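# Inside the fold
Here is how the chains run, residue by residue.
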Amino acid sequence: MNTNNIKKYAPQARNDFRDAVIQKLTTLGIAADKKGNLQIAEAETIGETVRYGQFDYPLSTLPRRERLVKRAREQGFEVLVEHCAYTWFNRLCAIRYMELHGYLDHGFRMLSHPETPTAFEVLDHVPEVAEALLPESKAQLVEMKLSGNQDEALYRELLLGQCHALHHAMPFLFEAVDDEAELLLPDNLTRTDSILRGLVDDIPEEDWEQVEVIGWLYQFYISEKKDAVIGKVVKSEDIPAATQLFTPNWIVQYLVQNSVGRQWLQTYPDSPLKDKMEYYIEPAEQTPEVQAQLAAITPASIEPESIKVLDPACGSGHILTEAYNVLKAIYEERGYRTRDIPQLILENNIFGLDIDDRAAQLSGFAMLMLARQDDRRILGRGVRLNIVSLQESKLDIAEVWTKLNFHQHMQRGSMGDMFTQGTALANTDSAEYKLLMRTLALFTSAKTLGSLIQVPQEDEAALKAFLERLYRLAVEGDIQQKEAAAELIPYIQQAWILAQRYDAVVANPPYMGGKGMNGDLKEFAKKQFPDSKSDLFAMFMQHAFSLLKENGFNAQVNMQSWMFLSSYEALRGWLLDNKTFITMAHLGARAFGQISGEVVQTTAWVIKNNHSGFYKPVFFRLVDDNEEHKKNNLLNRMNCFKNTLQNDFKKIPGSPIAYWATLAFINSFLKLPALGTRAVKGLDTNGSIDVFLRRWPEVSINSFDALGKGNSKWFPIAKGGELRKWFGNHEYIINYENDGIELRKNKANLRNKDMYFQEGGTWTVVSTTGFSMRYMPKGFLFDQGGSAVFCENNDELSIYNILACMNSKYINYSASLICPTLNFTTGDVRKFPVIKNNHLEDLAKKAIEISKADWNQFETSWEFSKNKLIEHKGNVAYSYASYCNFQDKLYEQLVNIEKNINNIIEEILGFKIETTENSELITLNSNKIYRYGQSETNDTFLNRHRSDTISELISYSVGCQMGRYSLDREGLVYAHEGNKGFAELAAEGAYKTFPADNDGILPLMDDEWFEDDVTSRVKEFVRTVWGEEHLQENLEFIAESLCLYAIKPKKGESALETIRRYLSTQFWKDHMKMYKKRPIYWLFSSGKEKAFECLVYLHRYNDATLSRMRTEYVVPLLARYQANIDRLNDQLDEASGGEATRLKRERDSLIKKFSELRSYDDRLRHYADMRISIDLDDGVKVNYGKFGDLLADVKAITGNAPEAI
């Protein structure tokens, strides 16, 4: 495996070389501070010796360092360090690869010795290698060999000579002479501490058998640094630092073989080439008109030396390798001389641009090695490549021109250009040359932009001629002319390369969103690409067509976001008006092996250049598989689709590419009215979420508009919610008094104000499972996340009809197809289809009635009437069975109604549709599946359901005891602040059947000392509701139900002990969970020990509550505890032995509780000193922290640890 050897060594070594570079800088008086300011020491010249502080060197090296000084100021310090580091790394890797494969003339290892670790073959053949490299001074080297010492110097000299020899064959990688990096070459190569030994014996040689390993370097040597430049804003320097990957071979072969091979086969269908190309795609059938039109432009014959392949982003160059393979196959088929084939291919068949010098060097080396593998006589001819990297333009305008002395050699020295000197074309004009100035002016910020700079085609041919002249000046001119030509070559070369027109383009554009783009890049994108400015690859794809000529091709692999999203929507339209698809493979996630994360969802597509809307493309579906399975399925031609016309994509609104979609569905989409613009967007508040939004049960009924009359301070407001059908989620209240004067002060957004308080349908803007719409009566306000629907004053579309249509399977499927991201903005909803009928109205009415009846059986709804179990007088089990039967009947009725609606819609449309996830889910609390989620098996939710029912019964009984509920009348009894009016209700006899506590304080202890014990009142309530004869069996049943799932059953106890334990242990958690951390019953606990705990109703509370509670409870409890302690102490002397022991220990705990109680009393004393009065409108979360530690779980509610007095 590659990662076993190449990885775990490539990244670390990247830093190591850099360190050596720093060392060299320290030896040359070159340094930078923390801020990066230049700290270059001043050279001292004494005795032809240069000194930089302490270090010294011979005078001959002085001028070279001066160039480095320029390198210090022309660019960044770290830039130069990294440049030298990767240059040396690439050179060493290339030398190792060449020596291992034995392509050298002499055929001797340099970095190691065969069958002898830590040695050198050249040391055994010094005269031969010296003659091969340096015949002129070999004898002196032999003297060094005669010396036996200075082995390091001899090795360094041999390495430098080998590099100089290798310069000629690869001018783009090795320098001939006067290389500054020679001074930067690390010393002590012969010593074991040198990194050369690690490079030699850190990777097995068996990995050096294929070119593939080279590519891995391009993905590893920077990978570590990628981790430091990922997820942040990216500058120009770091543009390649986080957008370098590797591509699997099969994808590249699919891209290449279906672009050039198809063009070749169209001209010559009878050729023995399709057999070799395994990934070629057989075109589908076409109409005779399409065939006639296509055959009208197919060329009769194409010269082999006329095909152009261009790569805007080469990197490793494996795409170029595949192209070279295909072109070699074509040339061999034609019948040229075999060994002549490679060089010709490298002449006018490959072109590559990149933005990193390292990538260009790697690509050149890879191509040269691939060519060498087959041709033996390569490297003996000066073959010049065309894989280059862009260069910035900062040079003297005319000084280089003056040094050119063009008129002296041929012509055009002073004023002669391609045009006249004073032509003044565009803005560059011609101080010395027209074309030169025009070309140079367009590369001012080339490093910032890249391959996106456009060049006019008309200037192509002339440029070519100009290039030739420079080629005649590098060898047949004076020193000044040669250096000027060398300086000016790259700019003209890259301009001419960009100025051509090509046939096939293959590339893998880098991925970078809006965040990565800097200000300059973003403003350039906005200026140049209005329709694709969202992301880089969109601009890349749009611009790639600018270089293709007629009958071109574009093959690319990129993210699938442009397929559906509306941001690229216009782009999609522009594709469907002038282009013509050929093929597309949707890979989705789980592709790009050796890469963590499934966010990468990519597709590979091949698109023609001309326009023909009646062609039939070929698609594929390879989403749900692993890499090997995807490759096998593509090999086996799995999941094909050839039943779609290109023009049909323009009928679906939004123009989304949906290949797997049927045809009848698309046709039926058109002949149906749309929803129109009835949908509106809800209002929004700036930052007042916690200022006006509250839960309904925590405010006064008078302050509630829905419950109260006359004055209005609060209003319900729907907002979000989970999946829910036809009714629910009315659990948020907002403050809108005096037409939102406070909101207008807050400057909150207000939209469609005049249409408020109107009945209609509402849907959730941001969902996670699907789409659903719910009814809403009048007197409501809708949030921005609660965009609503309102029918016109006089139109045939009723709200019930729309609600019936929306929740059908057809609408859900269409919505899923349109927006696969589960996001529902107003605009997309505005273009939904809608049907018209009459039975749908009554069916929707019945569904709404059933849903509302289901929702009106819980305390969380203000429309609560009464508990279900108290309507049956037979028995507890009988009432439970009746309740279960009622829920089952509701479920069955809803299921039948949904089935009938679906059947009616399907028969109206006339074609069946598929079923998907959550297509038949029932959103009722009666359904155990929806209420309790999904488990491994059914039948588990019986004991839990019974326990929850009994818990609800106990909670209702507690609420009745508190006075909130009364059995005399239905609905809410008293929910007003300050307990005011309680005496009037007592006089009215609202609690006639069941007395209500006068002080609104519920003690909770383990003894029956208090006459108002919760347990005793519960027993009285049960005996009143269900009589006295069957009291014991009912209590046993309730205890069993509680022991089922609520708490672990105890070994031996009666019903009363179980009830008391459940109340003292589990009740608070259940209440908090039910009311979602906004409790209405406040618990005051003396401590963790059950010394004293009481419950208080929030509404009935007032200032006098605290002192009255303290006086009426703590002092009598203190007296009782003191008397019990005195009695126990008196009896302790009477008792003896173990009988006394159990009497003593508990006593301690008791007095411990007593002590704790005293402490609580002290705390109470503090709050007995001050009088506290609060308001509901302040906020329960706000007010809960006003009592210090008198409450429990204060951090859970208030969100922070409470203070202490």
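Calculation notes
- Residues numbered from 1 in each chain as written, not as in the entry; some residues may be left out.
- Heavy atoms only, no water.
- Helix = DSSP H or I, 4+ residues; strand = E, 2+ residues; numbered from the N terminus.
- Rg over C-alpha atoms; globule rule 2.2 N^0.38 Å.
- Buried < 20%, exposed > 50% of the residue type's maximum accessible area, 1.4 Å probe, protein only.
- Areas by Shrake-Rupley, 256 points an atom, 1.4 Å probe, with all protein chains shown as cover.
- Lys, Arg positive; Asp, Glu negative; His and termini not counted.
- Charge placed at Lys NZ, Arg CZ, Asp CG, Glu CD.
- Domains from an automatic or database assignment.
- Pairing = 2+ DSSP bridges.
- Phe/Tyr/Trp six-rings, centres within 6.5 Å; stacked < 30°, edge-to-face > 60°.
- 1 Å grid on protein atoms, 1.4 Å probe; cavity = no way out; pocket = protein on both sides within 12 Å on 5 of 7 lines; lining within 4 Å.
- Points joined across faces, edges and corners; volume = space filled by probe spheres on them.
- Nonpolar A, V, L, I, M, F, W, Y, C, P; charged D, E, K, R; others polar.
- Salt bridge = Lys/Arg side-chain N within 4 Å of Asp/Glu carboxyl O.
- Polar contact = N/O pair within 3.5 Å; in protein donor to acceptor, adjacent residues only side chain to side chain.
- Patch = residues over 30% accessible without salt bridge, like charges linked within 9 Å, V, L, I, M, F, W, Y side chains within 5 Å.
- Expected span 1.5 Å × (residues − 1).
- Contact = heavy atoms within 4.5 Å.
- Axes fitted to C-alpha atoms, helices over the stretch in contact; angles between N-to-C directions.
- Parallel < 35°, antiparallel > 145°, perpendicular 65-115°, else oblique.
- Left-handed = near helix turned anticlockwise from the far one by under 90°.
- Core = buried A, V, L, I, M, F, W, Y, C linked by side-chain atoms within 4.5 Å.

Looking at the method and resolution fields of the entry, one finds cryo-EM and 3.90 Å.

Our focus in this paragraph is the overall build of the chain. Summing up its helical and strand segments, the chain has 45 helices and 21 strands in all. Compactness check: the chain gives a C-alpha radius of gyration of 43 Å against a globular reference of 33 Å for 1205 residues, more than 25% above the reference. Its C-alpha atoms give the chain principal-axis dimensions of roughly 120 × 90 × 60 Å. Split into buried and exposed, the 1205 residues of the chain put 49% on the buried side. Accessible surface for the chain amounts to roughly 58,300 Å². Of this, 53% is attributable to carbon and sulfur atoms. Placing the 140 positive and 166 negative side-chain charges of the chain at their respective mean positions leaves the two points 3 Å apart.

For the chain, the domain assignment lists domain 1 (8–202), domain 2 (240–388 + 505–650), domain 3 (394–442 + 458–482), domain 4 (662–922) and domain 5 (942–1078). Placing a centre on the C-alpha atoms of domain 1 and another on those of domain 4 gives a separation of 76 Å.

With that out of the way, let us pick up the pairing of strand 8 (residues 548–559). Most of strand 8 sits out of view: 9 of its 12 residues are buried. As paired elements, strand 7 (residues 502–507) and strand 8 share 5 bridges and run parallel to each other. Across the sheet, residue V506 finds its bridge partner in strand 8, namely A555. Sheet topology places strand 8 next to strand 10 (residues 602–607); 6 bridges connect them, and they run antiparallel. Among the inter-strand pairings, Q556 is bridged to a residue of strand 10, identified as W605.

What follows deals with the packing of aromatic side chains. Think of a pair of aromatic rings as described by two things: how far the centres are apart, and how the planes are tilted against each other in angle. In total, this model carries 49 aromatic pairs according to the counting rule given. Both rings, one in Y433 and one in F466, keep their centres 5.7 Å apart while their planes meet at 70°; by these two values the pair is edge-to-face. One end of the pair, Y433, is in the loop between helix 18 (406–409) and helix 19 (434–441); the other, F466, is in helix 21 (residues 460–473), with 33 residues separating them in the sequence. By relative accessible area, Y433 is classed as buried at 1%. You can call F466 buried: its relative accessible area is 9%. Between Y956 and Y965, the ring centres sit 5.4 Å apart and the planes meet at 65°, which makes this aromatic pair edge-to-face. Judged on exposure class, the residue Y956 and its partner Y965 are both buried.

Time to look at empty space enclosed by the protein. Unoccupied space between atoms shows up once a probe the size of one water molecule is rolled over them. Approximately 630 Å³ is the volume found for the largest cavity. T243, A313, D354, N508 and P510 are, among the 32 residues lining the largest cavity, the residues nearest its centre. Listed by contribution, the elements that provide at least two residues to the lining of the largest cavity are helix 14 (318–334), strand 5 (350–354), helix 20 (446–449) and helix 24 (536–544). The class makeup of the residues in the lining of the largest cavity is 20 nonpolar, 10 polar and 2 charged.

With that settled, the discussion passes to the pattern of salt bridges. Enumeration according to the criterion identifies 47 salt bridges in this entry. One salt bridge connects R946 with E1040, and the closest N-O pair in it is separated by 3.3 Å. Within this pair, whereas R946 is found in helix 36 (residues 943–962), its partner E1040 is found in helix 39 (residues 1031–1045), the two being separated by 94 residues in sequence. A relative accessible area of 42% places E1040 in the partly exposed class. Among the ionic pairs, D968 bridges to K992, the shortest N-O distance being 3.6 Å. Separated by 24 residues along the polypeptide, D968 in the loop between helix 36 and helix 37 (982–988) and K992 in the loop between helix 37 and strand 19 (1001–1003) bring together distant segments of the chain. Residue class for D968 comes out partly exposed when judged on its relative accessible area of 29%. Among the residues examined, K992 registers a relative accessible area of 59% and is labelled exposed. Taken together, the salt bridges that share partners define one network made up of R64, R67, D178, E180 and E182.

What follows concerns the environment of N610. Its location among the elements puts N610 in the loop between strand 10 and strand 11 (619–620). The exposure class of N610 is partly exposed, given its relative accessible area of 22%. A C-alpha to C-alpha distance of 71 Å links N610 and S700, two positions 90 residues apart in sequence. At 2.5 Å, the side chain of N610 forms a polar contact with the side chain of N551.

With that out of the way, let us pick up the pairing of strand 3 (residues 55–58). By the bridge criterion, 4 bridges tie strand 2 (residues 49–52) to strand 3 in an arrangement that is antiparallel. Along strand 3, the bridge assignment pairs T49 with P58. In textbook terms, the turn of a hairpin is the stretch between consecutive antiparallel strands, and for strand 2 and strand 3 this stretch comprises 2 residues, one of which, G53, has a positive phi near 75°.

Time to look at a positive patch on the surface. On the surface, a cluster of positive charge is made up of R944, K1073, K1076 and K1077. Its place among the elements puts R944 in helix 36. Of the residues examined, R944 reaches a relative accessible area of 31% and is grouped as partly exposed.

In this section: helix 7 (residues 151–167). In this model, helix 7 (17 residues) spans 24 Å end to end at C-alpha, consistent with the 24 Å of a helix rising 1.5 Å per residue. Contacts from the buried residues of helix 7 go to helix 4 (77–101), helix 5 (126–133), helix 6 (138–147) and helix 8 (195–200).

Read across the open sheet, the 7 strands follow the order 6-5-4-7-8-10-9; overall the sheet is mixed. Only two strands of the sheet have a single neighbouring strand rather than two, namely strand 6 (387–389) and strand 9 (581–588). The average undirected angle you get between the axes of adjacent strands in this sheet is 15°.

Moving on: the environment of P304. Among the secondary structure elements, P304 is positioned in the loop between helix 13 (288–295) and strand 4 (309–311). Look at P304 and you get buried, because its relative accessible area is 4%. Linking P304 and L327, residues 23 residues apart in sequence, is a C-alpha distance of 8.7 Å. Residues within four places of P304 in sequence aside, it is in contact with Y331, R334 and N349.

Turning our attention to the packing of helix 39 against helix 40 (residues 1055–1065). When two helices pack together, their arrangement is captured by the angle between the axes and the distance separating the axes. The interhelical angle for the contact between helix 39 and helix 40, taken along N-to-C directions, is 45°, at an axis separation of 9 Å. The angle between helix 39 and helix 40 falls in the class oblique. Handedness of the crossing formed by helix 39 with helix 40: left-handed. On the side of helix 39, the interface is formed by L1035, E1036, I1038, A1039, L1042 and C1043, while helix 40 contributes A1055, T1058, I1059 and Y1062. Among the residues forming the contact of helix 39 with helix 40, the class breakdown is 8 nonpolar, 1 polar and 1 charged.

Before going further, it helps to examine the nonpolar core. Counting residues in hydrophobic clusters, the biggest one holds 64 residues, and the most contacted among them are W1082, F1084 and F1187. Setting aside residues up to four positions removed in sequence, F1187 forms contacts with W1082, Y1101, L1106, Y1167 and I1172.

Our focus in this paragraph is the packing of helix 14 against helix 16 (residues 357–374). Running from N to C, helix 14 and helix 16 point in directions that differ by 30°, and their axes come no closer than 10 Å. If you check the angle between helix 14 and helix 16, you find them roughly parallel. In this structure, helix 14 crosses over helix 16, and the sense of that crossing is right-handed. On helix 16, the residues that touch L320, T321, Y324, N325 and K328 of helix 14 are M367, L370, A371 and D374. When the residues that make up the contact of helix 14 with helix 16 are grouped by side-chain class, the tally is 5 nonpolar, 2 polar and 2 charged.

Here we take up a negative patch on the surface. There is a patch of like negative charges on the surface, built from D1126, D1130, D1133 and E1134. In this fold, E1134 is placed in helix 42 (residues 1104–1134). The exposure class assigned to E1134 is exposed, which follows from its relative accessible area of 58%.

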